[PDB]
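To keep things clear, I will list the structure first and then write my remarks on it.
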Amino acid sequence: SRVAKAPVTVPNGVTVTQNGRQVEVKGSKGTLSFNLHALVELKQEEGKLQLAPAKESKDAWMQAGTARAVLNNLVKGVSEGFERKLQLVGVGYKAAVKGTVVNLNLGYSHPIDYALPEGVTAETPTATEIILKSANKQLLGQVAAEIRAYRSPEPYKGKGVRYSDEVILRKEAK
RNA sequence: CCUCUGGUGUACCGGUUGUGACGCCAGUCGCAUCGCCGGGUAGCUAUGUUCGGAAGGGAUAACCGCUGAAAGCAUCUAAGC
């Protein structure tokens with residue numbers, strides 16, 4: 001359980017407060033919440049944080065490791081946040097951002113308007129690239145996946161919506 | 001369901017054959033598959049008319065995922081979604 005053994009350090013501004021099972025993290029970007037499992041327990045000494053099993057059970061160890069990973073991700077999100085920089089590749093494929101709704105022309109008869117969930121932001125340096133920024137890694141990844149679902153990449157020519165840091169399998173007809 | 005198009009419609013109207021009768025003519029009636037033939041009001045009816053199988057919401061199958069440890073990596077999963 002090396003991940004669980006490895007502790008996490010508060011940056012400075014963000015503050016973590018535990019009431020009951022619920023745990024709240026307040027930061028410059030925003031406020032986030034988490035639910036602790038029964039077996040794992042948390043102790044905050046200095047800016048350092050420690051999570052350990054209540055019992056030596058392997059279930060408790062794995063839950064403590066998962067809690068450590070989640071809390072580290074939450075701390076990173078509140079301190080800085082994350083960006084996903086999705087990209088669209090094709091001919092005639094375009095995108096734009098207006099308010100909280102992103103309008104995409106992806107080769108279908110009708111343009112697709114996607115309403116971003118609260119807590120995420122989108123900007124468009126170019127019609128072929130969208131930058132999605134958020135403090136919640138899980139929600140941000142979910143939104144990115146939903147957007148890419150509309151037109152995921154196709155193998156023969158690579159047309160569609162692709163993550164830049166993704167390997168596209170390529171195939172040739174006949 | 002019967003406004004329209006039709007069918008039927010032996011208590012509605014008419015044309016006509018044989019015979020009998022009402023004293024006779026004229027005019028009528030009975031019987032002959034409603035004697036036979038031509039139409040036909042309401043009602044019932046289809047082949048006639050109108051309408052319907054919508055659109056939505058929740059959970060979910062195969063499948064596709066997000067984040068994530070066991071197992072420093074990886075992983076749709078054991079937590080969560």
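Basis for what follows: all heavy atoms, side chains included, without hydrogens, waters or symmetry-related copies. Order of the sequence lines sets the chain letters (A, B, ...), proteins ahead of strands, with each chain counted from 1.
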| task | Round to a whole Å and report the spacing from CG of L39(A) to P of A78(B). | result | 17 Å
| note | Sugar pucker at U19(B), from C1'-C2'-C3'-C4' (positive north, negative south), flagged north
| Distance, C1' atom - from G18(B) to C13(B), rounded to whole angstrom | 24 Å
| Taking atom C1' of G80(B) as reference, at what distance in whole Å does atom CG of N35(A) sit? | 9 Å
| message | Given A78(B), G72(B), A79(B), identify the nucleotide with an atom nearest to the side chain of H37(A). | response | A79(B)
| field | Donor on one side chain, acceptor on other, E146(A) and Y114(A), under 3.5 Å | value | yes
| task | Nearest 0.5 Å please: distance from the CD atom of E123(A) over to the CD1 atom of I131(A). | result | 6.5 Å
| task | Could you work out the separation of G15(B) and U49(B) based on their P atoms and round it to a whole Å? | result | 39 Å
| Between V143(A) and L116(A), is any pair of side-chain heavy atoms under 4.5 Å apart? | yes
| Between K85(A) and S164(A), a side-chain donor and acceptor under 3.5 Å | yes
| field | Euclidean distance for P, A74(B) against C66(B) (whole angstrom) | value | 13 Å
| Can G58(B) and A59(B), neighbours in the strand, be said to stack by the measure of ring centres under 5.5 Å and ring planes under 30 degrees? | yes
| For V101(A), the rest of its hydrophobic cluster, which grows through side-chain links under 4.5 angstrom | none
| said: Check for me whether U19(B) stacks on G18(B) (ring centroids under 5.5 Å, interplanar angle under 30°). | reply: yes
| Base, backbone or nothing for each nucleotide of nucleotides 61-67 of chain B, written B, S, -, heavy atoms under 4.0 angstrom, 5' to 3'? | ----BBS
| field | Intra- and inter-strand pairs of RNA chain B in dot-bracket (Watson-Crick or G-U wobble, both distances under 3.5 Å; | for another strand) | value | (...((((...(((((((((((....))))))..)))))...)))).).................(.............).
| field | is_stacked(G40(B), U41(B)) at 5.5 Å centroid, 30° plane limits | value | no
| task | Specify the closest pair of heavy atoms between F34(A) and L71(A), including all atoms of both residues, with the distance to one decimal. | result | CD2-CD2, 4.2 Å
| message | For the sugar ring of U10(B), does the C1'-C2'-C3'-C4' torsion put it in the north or the south range? | response | south
| field | Separation of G72(B) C1' from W61(A) CH2 (nearest whole Å) | value | 15 Å
| request: With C1'-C2'-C3'-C4' as the criterion (positive north, negative south), name the sugar pucker of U50(B). | output: north
| note | Glycosidic torsion of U10(B) (syn if within 90° of 0, anti otherwise) classifies it as syn
| task | Could you state the atom-to-atom distance from CE of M62(A) to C1' of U77(B) in whole Å? | result | 8 Å
| request: Compute whether any side-chain donor of one residue and acceptor of the other, for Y156(A) and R170(A), lie under 3.5 angstrom apart. | output: no
| Distance, P atom - from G57(B) to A46(B), rounded to whole angstrom | 41 Å
| Approximate separation, where rounding is to 0.5 Å, of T66(A) OG1 and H37(A) NE2 | 9.0 Å
| remark: With syn defined as a glycosidic angle within 90 degrees of 0 and anti as anything else, the base of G72(B) is syn
| task | State the sugar conformation of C73(B) as north or south, using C1'-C2'-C3'-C4' as the deciding torsion. | result | north
| Side chain proximity check, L39(A) to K55(A), heavy atoms < 4.5 angstrom | no
| said: I'd like the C1' distance from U8(B) over to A54(B), given in whole Å. | reply: 40 Å
| task | Could you grab the distance from atom OG1 of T126(A) to atom CD of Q87(A), nearest 0.5 Å is fine? | result | 9.5 Å
| message | If I take atom CD from residue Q50(A) and atom CZ from residue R68(A), how far apart are they, to the nearest 0.5 angstrom? | response | 9.5 Å
| message | Syn if the chi torsion is within 90° of 0, anti otherwise; quick check, which is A32(B)? | response | anti
| note | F82(A) CZ to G68(B) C1', in whole Å, measures 14 Å
| said: Roughly how many Å apart are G14(B) and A21(B), using the P atom of each and rounding to a whole number? | reply: 26 Å
| field | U10(B) and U3(B), which share atom name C1', separated by this distance in whole Å | value | 30 Å
| request: Please determine, for the side chain of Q63(A), which listed nucleotide (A70(B), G68(B), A79(B)) has the closest atom? | output: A79(B)
| task | If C1'-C2'-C3'-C4' is positive it's north, if negative it's south, so which is the sugar of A61(B)? | result | north
| field | Whole-Å distance separating the CG atom of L71(A) from the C1' atom of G80(B) | value | 13 Å
| When the P atoms of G52(B) and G6(B) are considered, how many whole Å apart are they? | 28 Å
| field | Gap separating the CD atom of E41(A) from the CD atom of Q63(A), nearest 0.5 angstrom | value | 13.0 Å
| query | Starting at CZ of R21(A) and ending at P of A79(B), how long is that distance when rounded to a whole Å? | reply | 17 Å
